[PDB]
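Now for the letters of each chain:
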Amino acid sequence: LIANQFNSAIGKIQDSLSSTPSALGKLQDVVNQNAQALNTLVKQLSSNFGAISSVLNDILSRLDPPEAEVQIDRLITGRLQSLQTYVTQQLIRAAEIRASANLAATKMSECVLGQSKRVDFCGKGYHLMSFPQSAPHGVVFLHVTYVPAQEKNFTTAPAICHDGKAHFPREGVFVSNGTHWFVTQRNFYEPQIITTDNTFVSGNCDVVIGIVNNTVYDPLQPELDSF
Amino acid sequence: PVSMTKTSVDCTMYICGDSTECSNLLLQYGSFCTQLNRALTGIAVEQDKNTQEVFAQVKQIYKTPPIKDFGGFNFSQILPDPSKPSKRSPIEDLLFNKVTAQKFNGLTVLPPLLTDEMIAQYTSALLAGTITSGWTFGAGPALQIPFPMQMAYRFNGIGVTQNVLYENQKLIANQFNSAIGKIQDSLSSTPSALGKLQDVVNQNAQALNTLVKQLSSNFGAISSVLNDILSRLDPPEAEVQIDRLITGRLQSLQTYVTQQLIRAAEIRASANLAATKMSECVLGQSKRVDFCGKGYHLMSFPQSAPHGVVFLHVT
Amino acid sequence: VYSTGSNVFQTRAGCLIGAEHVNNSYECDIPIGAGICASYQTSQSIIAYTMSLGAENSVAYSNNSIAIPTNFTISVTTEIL
């Protein structure tokens, strides 16, 4: 069953990534940003900045070396300012990408090579494992996780007073369907007969609120009585 | 801190306020104003992204039952009050009361995307889910559970047998109730604790104002007022003056936008920390030490604040 | 850029023209602000609406009621960095 659900999950991953073209947007725009920034840099070439013309040669081919240096000064001032703005922009986004890379490496060390108890650090649900995949300038994780479904209603109590003694579950919870009492683990319905072996005794039953009367099963008693 | 105020600056009418020739002369400088508008628009959408990613983690909207039978525990200071139309907790009302200009040259503010009432609606839904489901509802469908049962589960998480809880129930509840009241008094008394929010507000209320004062810098020009040159000069020297004016003001604007970008990056880092804290100290129980307060972690509850989030760690 | 006297809508963000206000509450499609989002739907025109934040649900709390699942699902999600 787990195998078939896993296969179905992988197939829907393939189909969902093949169908929706809008999933990879985080990988797209950054690339676009670079080109856009680069583009406007070359678009700053033909700005006159209040000087006579945007060609260096035409200023040189028409004006005098006692005169033209004012125009050249204007040109280099404007272009230099644009270039310094560019390096500021790129270096800030570089810091941003460094932040993302550190986050990705931490997810590499915790989701893949181990099994993290931190909720939603390895995707939604109870984490089981993950696999990495390479991507253009980036990484794509697949988190394989566990979720519950088909819950029901059950009636509970904190502890059970059998013989003047309080009984607490070793691991799990006491439940009742209305007629009998069972003990089960906290994430999957699996009732068991309430024994000594899955419980423990601590104190009497005159302090705990909400404690009910029931029997506990002695494993030793049918062995001792039949002998 | 969660987010900062989405400011927006018009380029041209900040620089060349109602002048055709000045706008024409700034058009010779290329495409700087487009870059500034794109930068501030990126910041403004980033703030809403941060706020939405911090608070919207819950698929449903939960609410409390009317019957307040929590084994003797009390939550009245943090549960929402239907008595005020300002449908919040009392503690959030202290948070609103503790935390506390002119629009003339394109220096506009935009309203945030998420209003404060529905911020309180997520806060109420998160509190209801925590107190009615344990940690299960962050992992699937919400599952009901008695409250002291799940408190016993969290003691079983930290290394104490659940035996300890049931035989010592009521005193714990008493201590818990007393503890909550102290926090309200601790917010009713100390004014200097919330500066971590307010400085952020001050760090927008300070720099912006200085920008306006750079409208009164000559930069070598005959005057700081545009219309006086235009009322006095013939354009082939008026351009020589206006060139100085726009160069100085454009440099100041570039300084402002660079500082805003750096601050916005720091606020985004703070928001990522807050989101991880929301996912870990609220939706579950962390084994990590001092990630959710001093001591072995039991619980935490969130409350809203103007541009901020406030956690109470129960340890 | 040119006016219409038909159907204005004064929200806290400002004055909206070209849309119809809707009494219902839907999910946010594109953000205008102050809780108000817009979309093209039905005849069909562009509408602006108060957001619906999620499907309302109230779990039945008790002091003696426990919910336990019986079945499970393996599910795989993707995440891109």
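Residues numbered from 1 in each chain as written, not as in the entry; some residues may be left out. Chains lettered and ligands numbered in written order. Part of a larger assembly, values for the part shown. Heavy atoms only, no water.

The deposited coordinates for this entry were obtained by cryo-EM, with a reported resolution of 3.9 Å.

*Asks:* What exactly am I supposed to notice about the sheet that holds strand β5 (residues 36-41) of chain C here?
*Replies:* Sheet strands pair by backbone hydrogen bonding; their relative direction is either parallel or antiparallel. Residues and elements named next belong to chain C. Pairing is mixed in the open sheet, where 4 strands are placed in the order β3-β6-β5-β4. Each end of this open sheet is capped by a strand with a single partner; those strands are β3 (20-26) and β4 (30-33). Averaged over neighbouring strand pairs, the angle between their axes works out to 40° when direction is ignored. For β4 and β5, the ladder comprises 3 bridges, and the chain directions are antiparallel. Of the residues in β5, the one forming a bridge with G33 is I36. (Pairing = 2+ DSSP bridges. Helix = DSSP H or I, 4+ residues; strand = E, 2+ residues; numbered from the N terminus. Axes fitted to C-alpha atoms, helices over the stretch in contact; angles between N-to-C directions.)

*Asks:* Explanation requested: the state of the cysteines in the structure shown.
*Replies:* Simply put, the disulfide is a covalent bond whose two ends are the sulfur atoms of two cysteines. Within this structure, the stated rule accounts for 6 disulfides over all chains. Between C281(B) and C292(B) runs a disulfide, and the two sulfur atoms are separated by 2.0 Å. Here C281(B) and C292(B) share a disulfide; its torsion about the S-S bond, -80°, makes the bridge left-handed. With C281(B) in helix α12 (residues 235-281) and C292(B) in the loop between α12 and β4 (299-305), the pair connects residues that are 11 residues apart, well separated along the chain. For the pair formed by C281(B) and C292(B), the shared burial category is buried. One disulfide in the model links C28(C) with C37(C); its S-S distance is 2.0 Å. Between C28(C) and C37(C) the disulfide shows an S-S torsion of about -85°. By sign, it is left-handed. A residue is classified by how much of its surface remains accessible, and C28(C), at 35% relative accessible area, is partly exposed. When the bonded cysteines of chain A are counted from the start of the sequence, the pairing works out to 1-2, 3-4. Here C15(C) is not cross-linked by a disulfide; its sulfur's nearest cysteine counterpart is in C37(C), at 18 Å. The class of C15(C) is exposed, set by a relative accessible area of 55%. (Disulfide = S-S within 2.5 Å. Buried < 20%, exposed > 50% of the residue type's maximum accessible area, 1.4 Å probe, protein only.)

*Asks:* How should the interface of chain B and chain C be read in this particular structure?
*Replies:* Often, the extent of an interface is quoted as the loss of accessible area on bringing the components together. Taken together, the 21 residues of chain B in the interface contact 22 residues of chain C. Together chain B and chain C conceal approximately 2000 Å² of surface at their shared face, both sides included; 65% is due to carbon and sulfur atoms. Its largest share of buried area at the contact with chain C, chain B owes to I61(B), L113(B) and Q144(B), together 30% of the area lost on that side. Where chain B packs against chain C, one counts 0 salt bridges. There are 8 residue pairs in polar contact connecting chain B and chain C. (Contact = heavy atoms within 4.5 Å. Buried area = accessible area lost by both parts, 1.4 Å probe. Salt bridge = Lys/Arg side-chain N within 4 Å of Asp/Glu carboxyl O. Polar contact = N/O pair within 3.5 Å; in protein donor to acceptor, adjacent residues only side chain to side chain.)

*Asks:* Would you mind going over empty space enclosed by the protein with me for this structure?
*Replies:* Using a probe with the size of a water molecule, rolled over the atoms, empty space left in the structure can be pinpointed. Residue and element names in this part refer to chain B. For the largest cavity, the calculated volume is near 50 Å³. Counting only elements with at least two residues in the lining of the largest cavity, the list comes to α3 (32-55) and α12. Counting residues per element, the lining of the largest cavity draws most heavily on α12, which supplies 3 residues. Per-class residue counts for the lining of the largest cavity are 7 nonpolar, no polar and no charged. (1 Å grid on protein atoms, 1.4 Å probe; cavity = no way out; pocket = protein on both sides within 12 Å on 5 of 7 lines; lining within 4 Å. Points joined across faces, edges and corners; volume = space filled by probe spheres on them. Nonpolar A, V, L, I, M, F, W, Y, C, P; charged D, E, K, R; others polar.)

*Asks:* Can you walk me through the interface of chain C and chain A in this structure?
*Replies:* With 18 residues of chain C at the interface, the matching set in chain A holds 40 residues. Taking both sides of the interface into account, the surface hidden between chain C and chain A amounts to around 2900 Å²; carbon and sulfur atoms contribute 62%. On inspection of chain C and its partner chain A, the count reaches 1 salt bridge. Put simply, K107(A) and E79(C) hold a salt bridge, and the shortest N to O gap is 3.3 Å. Summed over the shared surface of chain C and chain A, the number is 16 residue pairs in polar contact. Across the side of chain C that touches chain A, the residue classes tally to 9 nonpolar, 8 polar and 1 charged. Examined bridge by bridge, strand β2 (residues 138-156) of chain A and strand β8 (residues 65-80) of chain C share 15 bridges and lie antiparallel to one another. Directly across from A149(A), in β8(C), lies its bridge partner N71(C).

*Asks:* What is the right way to look at the side chain of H127(A) in this model?
*Replies:* Residues and elements named next belong to chain A. Locating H127 in the fold gives a position in strand β1 (residues 126-135). Relative accessible area serves as the criterion here: at 10%, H127 is assigned to the buried category. A distance of 3.2 Å separates a polar atom in the side chain of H127 from the backbone oxygen of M129. When residues no more than four places from it in sequence are discounted, the contact partners of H127 are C111, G114, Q115, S116, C122, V144 and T145.

*Asks:* Looking at this structure, how should I read the pattern of salt bridges?
*Replies:* Residue and element names in this part refer to chain B. For the structure on display, the rule yields 8 salt bridges over all chains. Salt-bridge contacts for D93 lead to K84; the nearest nitrogen and oxygen are separated by 2.6 Å. On the accessibility criterion, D93 (7% relative accessible area) is buried. A cluster of three or more residues bridged by salt bridges with shared partners is formed by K84, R88 and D93.

*Asks:* Help me out: how do you make sense of the pairing of strand β2 (residues 14-17) of chain C in this one?
*Replies:* Residue and element names in this part refer to chain C. Bridge count for strand β1 (residues 8-11) against β2 is 4 bridges, and the pairing is antiparallel. Bridging across to β2, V8 finds its partner in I17. Hairpin remark: β1 followed by β2, antiparallel, with 2 residues in the connecting loop.

*Asks:* Just to check I follow, could you spell out the sheet that holds strand β7 (residues 199-201) of chain A for this structure?
*Replies:* Residue and element names in this part refer to chain A. Judged by pairing direction, the sheet is mixed, and its 4 strands sit side by side in the order β7-β4-β3-β8 without closing on themselves. Two strands close off the open sheet at either side, each with one partner strand: β7 and β8 (212-213). Relative to β7, strand β4 (residues 166-169) is paired through 3 bridges, and the arrangement is antiparallel. Directly across from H167, in β7, lies its bridge partner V201.

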